[PDB]
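The structure appears right after this line, and notes come after that.
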Amino acid sequence: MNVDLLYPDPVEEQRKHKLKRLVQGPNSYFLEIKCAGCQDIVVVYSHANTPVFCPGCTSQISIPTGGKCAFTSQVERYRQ
Amino acid sequence: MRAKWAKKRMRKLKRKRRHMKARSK
Amino acid sequence: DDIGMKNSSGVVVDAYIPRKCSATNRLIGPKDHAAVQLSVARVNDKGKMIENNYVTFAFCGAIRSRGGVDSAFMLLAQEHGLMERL
Amino acid sequence: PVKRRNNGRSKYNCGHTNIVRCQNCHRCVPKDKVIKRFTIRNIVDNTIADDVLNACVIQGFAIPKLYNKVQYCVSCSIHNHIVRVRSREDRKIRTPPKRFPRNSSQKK
Amino acid sequence: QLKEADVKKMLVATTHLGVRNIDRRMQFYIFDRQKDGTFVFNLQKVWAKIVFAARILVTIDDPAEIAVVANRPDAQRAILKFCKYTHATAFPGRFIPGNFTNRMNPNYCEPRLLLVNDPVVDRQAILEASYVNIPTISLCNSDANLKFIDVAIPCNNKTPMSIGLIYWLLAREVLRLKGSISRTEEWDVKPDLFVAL
Amino acid sequence: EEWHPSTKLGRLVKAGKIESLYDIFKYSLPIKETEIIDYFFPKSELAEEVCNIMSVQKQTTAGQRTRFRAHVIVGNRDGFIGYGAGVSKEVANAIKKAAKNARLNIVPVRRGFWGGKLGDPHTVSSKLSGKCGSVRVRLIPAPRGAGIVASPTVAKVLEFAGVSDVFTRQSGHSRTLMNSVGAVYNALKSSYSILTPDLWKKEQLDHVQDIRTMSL
Amino acid sequence: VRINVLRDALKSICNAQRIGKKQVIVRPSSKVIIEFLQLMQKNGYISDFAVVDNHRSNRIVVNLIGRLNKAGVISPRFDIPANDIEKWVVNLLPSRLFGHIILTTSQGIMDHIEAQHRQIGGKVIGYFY
Amino acid sequence: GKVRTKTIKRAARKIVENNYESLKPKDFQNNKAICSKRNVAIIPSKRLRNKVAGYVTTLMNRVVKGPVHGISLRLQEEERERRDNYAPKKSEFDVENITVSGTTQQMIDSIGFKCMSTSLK
RNA sequence: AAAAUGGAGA
RNA sequence: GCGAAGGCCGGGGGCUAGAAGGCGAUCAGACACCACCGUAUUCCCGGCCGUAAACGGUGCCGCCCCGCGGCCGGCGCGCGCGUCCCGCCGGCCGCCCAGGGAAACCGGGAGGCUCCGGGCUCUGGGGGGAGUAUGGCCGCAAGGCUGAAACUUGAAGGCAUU
Numbered sequence: 044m045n046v047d048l049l050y051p052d053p054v055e056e057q058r059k060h061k062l063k064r065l066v067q068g069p070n071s072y073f074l075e076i077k078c079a080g081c082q083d084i085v086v087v088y089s090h091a092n093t094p095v096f097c098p099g100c101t102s103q104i105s106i107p108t109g110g111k112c113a114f115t116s117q118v119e120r121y122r123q
Numbered sequence: 001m002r003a004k005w006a007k008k009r010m011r012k013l014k015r016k017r018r019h020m021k022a023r024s025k
Numbered sequence: 004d005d006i007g008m009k010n011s012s013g014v015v016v017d018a019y020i021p022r023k024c025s026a027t028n029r030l031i032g033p034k035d036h037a038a039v040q041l042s043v044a045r046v047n048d049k050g051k052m053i054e055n056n057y058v059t060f061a062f063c064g065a066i067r068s069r070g071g072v073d074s075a076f077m078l079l080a081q082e083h084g085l086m087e088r089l
Numbered sequence: 002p003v004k005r006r007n008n009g010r011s012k013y014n015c016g017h018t019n020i021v022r023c024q025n026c027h028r029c030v031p032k033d034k035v036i037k038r039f040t041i042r043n044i045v046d047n048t049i050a051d052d053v054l055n056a057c058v059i060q061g062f063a064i065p066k067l068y069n070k071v072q073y074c075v076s077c078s079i080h081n082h083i084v085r086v087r088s089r090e091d092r093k094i095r096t097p098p099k100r101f102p103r104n105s106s107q108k109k
Numbered sequence: 014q015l016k017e018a019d020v021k022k023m024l025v026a027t028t029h030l031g032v033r034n035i036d037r038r039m040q041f042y043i044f045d046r047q048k049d050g051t052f053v054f055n056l057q058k059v060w061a062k063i064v065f066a067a068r069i070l071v072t073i074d075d076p077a078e079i080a081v082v083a084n085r086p087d088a089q090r091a092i093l094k095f096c097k098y099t100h101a102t103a104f105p106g107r108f109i110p111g112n113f114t115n116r117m118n119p120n121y122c123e124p125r126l127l128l129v130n131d132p133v134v135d136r137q138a139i140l141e142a143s144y145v146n147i148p149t150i151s152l153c154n155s156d157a158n159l160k161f162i163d164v165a166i167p168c169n170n171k172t173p174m175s176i177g178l179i180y181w182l183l184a185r186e187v188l189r190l191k192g193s194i195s196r197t198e199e200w201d202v203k204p205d206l207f208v209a210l
Numbered sequence: 025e026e027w028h029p030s031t032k033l034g035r036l037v038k039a040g041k042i043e044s045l046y047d048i049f050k051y052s053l054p055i056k057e058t059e060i061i062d063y064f065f066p067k068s069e070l071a072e073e074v075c076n077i078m079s080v081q082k083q084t085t086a087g088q089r090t091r092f093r094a095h096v097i098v099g100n101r102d103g104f105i106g107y108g109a110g111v112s113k114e115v116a117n118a119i120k121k122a123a124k125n126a127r128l129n130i131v132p133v134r135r136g137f138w139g140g141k142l143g144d145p146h147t148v149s150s151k152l153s154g155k156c157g158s159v160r161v162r163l164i165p166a167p168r169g170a171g172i173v174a175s176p177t178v179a180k181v182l183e184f185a186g187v188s189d190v191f192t193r194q195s196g197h198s199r200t201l202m203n204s205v206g207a208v209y210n211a212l213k214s215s216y217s218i219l220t221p222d223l224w225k226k227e228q229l230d231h232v233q234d235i236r237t238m239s240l
Numbered sequence: 002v003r004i005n006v007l008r009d010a011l012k013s014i015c016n017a018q019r020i021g022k023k024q025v026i027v028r029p030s031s032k033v034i035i036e037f038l039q040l041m042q043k044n045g046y047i048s049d050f051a052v053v054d055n056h057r058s059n060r061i062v063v064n065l066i067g068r069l070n071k072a073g074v075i076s077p078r079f080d081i082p083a084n085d086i087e088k089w090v091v092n093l094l095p096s097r098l099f100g101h102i103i104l105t106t107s108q109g110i111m112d113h114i115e116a117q118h119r120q121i122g123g124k125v126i127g128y129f130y
Numbered sequence: 002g003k004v005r006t007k008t009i010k011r012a013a014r015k016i017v018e019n020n021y022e023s024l025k026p027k028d029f030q031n032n033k034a035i036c037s038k039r040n041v042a043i044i045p046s047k048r049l050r051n052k053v054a055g056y057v058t059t060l061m062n063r064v065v066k067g068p069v070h071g072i073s074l075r076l077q078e079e080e081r082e083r084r085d086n087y088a089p090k091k092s093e094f095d096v097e098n099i100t101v102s103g104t105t106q107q108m109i110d111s112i113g114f115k116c117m118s119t120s121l122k
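Protein chains in written order, with the deposited numbering: chain Se, 44 to 123; chain Lo, 1 to 25; chain SY, 4 to 89; chain Sd, 2 to 109; chain SA, 14 to 210; chain SB, 25 to 240; chain SJ, 2 to 130; chain SU, 2 to 122.
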């Protein structure tokens, strides 16, 4: 079976540790979210540590959990 | 338990010496 | 170049040249009583007939024990050319 | 000359445990070295179950089922034959033998 | 290559399953595990592997010298078929331990090549071959011990219909190299006679 | 005599098809017949030494099963050697079972070199380390200005191998000979077990002399 | 903690080759481990190598010819005069045919053979069998 | 009861299978005289012969009741080995088994074939 | 339930 | 700086077990084992002790590994969304492949090492004498901690086979 360490295979890399990969890279992303009422775009980390409130609505659009940040309003996928 | 009945026997021997060393002086 | 122990002249002082196991590059041992010489034969177009010439690989029993001689045989066959795109 | 890897105990990530005394020996044993067979037995003997069931004054009555734990000491277990010393091959067999899924203290 | 009529035979003849447990050296042959959990194999891999086995079988100087040892009930019916068309000297029944080392033992056979019916029911037979330097070729399940096994045939192996297709496929593939049994045509034999009631 | 060849390679040895012991060693073969090894070199060939006939008495219900066991070491000077031993009640049946065992295991010495390689080899190519139970031995290559530097038993074994000079160090129960003479032998097995820059090459898939293929 | 990168690399390369895996990784690239690796490649024991590079320690991926018998380090560096180079060949090299001890000299870093011939002796970084 | 040695049972085993002819299945009397043709076996004493002549009545009875372990009936060696040689109603073992889930179809999709237009039936 | 010795030295 | 139990020093407390001490009953003795009482103790507070088969009989921080499964902690992975799978796992582990070992066995090491050289503290050198003697230190004491010799004499010991 042909598997080569020098040229790293991207499919396995995702399952691998953020540090164990041939290059220790970020494993999280910035996601803009769509407030249903207004079209202001708020960028949020894939894992949020501090709450970001949608501009014009005082209530935080993201209540942080240990990893993924859920959103009270509908979610804009990643960057789209 | 021979080790226990030797060690504590040794301690009884050690104590005997203390009285003998001080009272005699 | 008289591969094996050779004299100052460069001719083989010791004739015995234990065949280096092909797969691991490590040699087959004098006492390698677990040694293996797998051989497979080539094919001829539409007929896919056997031409009586067969590529002969070698494998020590340590690779056998490693159970990795199966993946290794196919890759070694790619080196000998028998393996297709797979 | 270590006899068993477990050392007669299931202690892992630990240092000390509570002591439960043998019902027979009365010997204190740490929870780890105690047999702990759990036994389910009907309160009446099976022989007189029929006559007591025959005396079913209340409707649909069932026998009193008792749930208890038996914890003999190591020395109590061997002499009362709860378990038997086995050979090196038998040492790792993790199961009680003689099937017996029958529900009573006596295996019958 | 692969032939669809025969390919659909393997699929309909229990050669689409394996053990739920897996080993790293059988990962490539395995397609993956499905919701059912029995690992489902990849069909092209099976056919390609059977051609690779055929080339070693034509290579041996005496076609008779290959020995196939069957230690499992299911293997017997298909193993009987191997001897009818291929010339391999069979080694049937329980191995009778140490035959390869004990030349004095009655059924001792020196097979320049070996063939094992099941990876975990021939444990003595691969070690015995290791003592006598015999290149080891065998059948392997999704999960198998590859110890002392050089190359093997991905298969369900746990039902004789699959075992039947394997001895049928191998017999046909060596014969195709000899250019005798079919040559781009029908095999006289039919899929039955590869299972015992 | 006129032995029916016991081994399949025995038919090759009987035919004369086997060229020499070296050929079966190159193809890594098990030699199961004393005659099969004698065919390569018979008639006086190797000198024979026998020592250490320990009498193991195994305690049992009544009297111990007094029995004997002795070690036999092959000594052909042509870079081939073996260690064998036999257990039997009678003195004869013991040494003569051992003689068979040392014959059944024949291993080739590398016959290596240090500074001068013009003439024929004076030492083994690399330090040979042999582990037999407690005993671990070493055979560091020596220049020809050095002699066979060794312990009295271990030197006779290497004299039998025919390496003229050597540097020897040992660890373990040197007084127990069976481990020591086994160790120096298991070290001799290391002689060809080491990849050497000279040994490296890519080719030799000829297979025409597969002993198993070769048949009458 | 990790003081000797070369010991963690040497046993990284030796252990991998023992299993027969040609491609191996090394946790930190060092300009000195570059010296040992390229002197291994130069003598032909090791094959083409590469360092995937982050901005941090860097990881070394090396393909092997599979022929390595033994590699190792003398920790820490002990300095020997060019007069004593041969005593160290006796203890740490099997034979004088395949002898190579990594020496460090101010005028270039070479294996033992070239150095004594150049009449300069420095410190033995690591053993190369 | 009576249990006899390996040689006594093995001689009887040789007599019942390697020279079956027609040793009697349920009758002792033919067996009493059918074991003394001299060539078939030579042993002294009538009772010693009778020891083989005892087991033979059970061994032949066993063979009549069903096939023995490693049955080698000299008179009837080709018995049901023809059934292993036999094929059934038309030898149509194959065709229309189906039982393919979406992933089983995906396995055939992984090779180049697309079996039954990806619609097994 | 009790249940104790076994001189030295081949 | 802590450190189980037992011990000690003053109080408080005292249900059960129970060092001592008493009985009975055992056995040529029963000092004991076993029954029956029973004081100190055990429980709490404020101090001293500072030791245990305190043991995983295996100091610590690193690195590389051979696969197969559990248990716990998160965290992602797609999946008809089920504590479903699959990894990242940090720890708990079982069996074990080479490798190692006098062996027993270890192998998330006791391996990579007579081809004997990551770093760093500790400890040992035949079995006694001896943890003794003698000083110092510590404790209220019990005891701790540190630590020889004179002389002896040929094995002491380790794991395994019948």
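Beta carbons are placed, not taken as given, at the ideal position from N, Cα and C, and that holds for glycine.
Annotation for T149/SA: the continuous beta strand (DSSP E) segment containing it runs 149-153.
Not a single CB atom of chain SJ sits nearer than 8 Å to the CB of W27/SB.
Beta-bridge annotation (DSSP): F54/SA is paired with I43/SA. Pairwise C-beta distances place the region 84-97 of chain SU in contact with the region 191-210 of chain SA, as three or more of them are shorter than 8 Å. Assignment of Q30/SU by DSSP, reduced to helix, strand and coil, places it in the helix class. The beta carbon of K49/SY is closer than 6 Å to none in its chain, skipping five residues each way along the sequence. Short of 8 Å from the beta carbon of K109/Sd, and not among the five residues preceding or following it, lie these beta carbons of its own chain, in chain order: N47, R103. Using a C-beta cut-off of 8 Å, the region 59-72 of chain SY makes no contact with the region 165-180 of chain SA, since fewer than three inter-stretch Cβ pairs fall below that distance.
In the three-state reduction of the DSSP assignment, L104/SJ falls in the strand class. One Cα belongs to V14/SY, the other to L38/SJ, and the distance between them is close to 32 Å. A direct Cα-Cα distance of roughly 11 Å separates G71/SU from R14/SU. The beta-bridge partner set that DSSP reports for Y107/SB consists of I97/SB. Within chain SJ, no residue has its CB atom less than 8 Å from the CB of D52/Se, the nearest being about 12 Å off.
Looking from the CA of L104/SJ, the closest CA among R60/SJ, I114/SJ, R28/SJ, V91/SJ belongs to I114/SJ. Under a criterion of Cβ atoms nearer than 7 Å, the residues of chain SY adjacent to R68/SJ are, in order, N28. If you look at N203/SB, you'll find it in the alpha helix (DSSP H) that goes 201-213. At a cut-off of 8 Å, the C-beta of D83/Se has no neighbouring C-beta in chain SJ. Distances from the alpha-carbon of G109/SJ to those of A72/SJ, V90/SJ, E36/SJ, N59/SJ put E36/SJ closest. By the CB criterion at 8 Å, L11/SJ and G123/SJ fall outside the cutoff.
Annotated as proximal: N28/SY and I66/SJ, with beta-carbon spacing under 8 Å. Contact note: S12/SY does not reach chain SA at a C-beta cutoff of 7 Å; the least C-beta distance is about 35 Å. Checking the DSSP bridge columns, you'll see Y128/SJ partnered with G73/SJ, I102/SJ. Taking a 10 Å sphere around the C-beta of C97/Se, we find 16 or more other C-beta atoms and assign the residue as buried. Secondary structure note for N76/SB: it is in no alpha helix (DSSP H), and the uninterrupted beta strand (DSSP E) holding it is 71-78.
For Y21/SU, same chain residues with a beta-carbon under 7 Å away, outside a window of 5 residues either side, are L74, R75, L76 in chain order. Taking 8 Å as the CB threshold, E123/SA lines the interface with chain SB.
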